[PDB]
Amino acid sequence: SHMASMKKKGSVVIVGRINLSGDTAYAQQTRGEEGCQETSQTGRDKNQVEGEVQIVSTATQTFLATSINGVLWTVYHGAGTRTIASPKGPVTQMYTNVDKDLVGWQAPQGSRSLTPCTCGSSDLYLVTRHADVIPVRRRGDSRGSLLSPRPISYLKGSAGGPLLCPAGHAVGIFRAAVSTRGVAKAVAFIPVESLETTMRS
């Protein structure tokens, strides 16, 4: 009820990227913790952005965001309704869908977008925040099985990251792990066709 002292949530901040440009996938950090905290408050991020898969953080969480068709997408369960920091200040979401666990902002200048997959292939690859490339067999519209199961710890913080086909097109956005006794045997994703439908609504 004390309106003048009510706080605002900070912006999502890009703090690094998963580099997939070469022969080796690796994580790069582009901003440290103090800079991230400051940038979340101001919403003003003048760092150069590159690549398709960004590592993003709020004050309380860190996860991934993936550019597809000129939109930087991530999970609602990480970003909520937050703005993203940008060179000219905070940028409001252009897509928000809590039912899909999906949000999106206009892709930052300097980023590159993945192309939506039209291959109809079921041999997929999940990219994690540690730049592991994990083979996943597609098992339905929104699920795929890990060829080698992992503790959920290994996948934590990778929501918002891509599932890719063999040619490196975007097939989906990772949202949840299918876990039993802490072991992830499968992953649940937002299919790229669902993003494409969201882009038409």
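Numbers follow the displayed sequence, beginning with 1.
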message: Can you tell me whether 44-52 has a higher mean C-alpha B factor than 166-174 in this record, or the other way round?
response: 44-52
task: Using the B-factors recorded in the PDB entry, average over the C-alpha atoms of 185-193 and of 17-25, then report which stretch comes out higher.
output: 17-25
- request: Tell me, please, which of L64, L147, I68, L155 has the highest C-alpha B factor according to the deposited entry?
  value: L147
field: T74, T92, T128, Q109, ranked by C-alpha B-factor: the highest one
entry: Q109
query: Would the CA B-factor of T58 place it in the lowest, middle or highest third of its chain?
result: middle
- prompt: Looking at the C-alpha B-factor of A159, is it in the lowest, middle or highest third of its chain?
  reply: lowest
- request: For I84, return the chain-relative third of its C-alpha B-factor as stated in the PDB record: lowest, middle or highest.
  value: lowest
- line: Among the modelled residues of its chain, the C-alpha B-factor of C119 falls in the third labelled highest
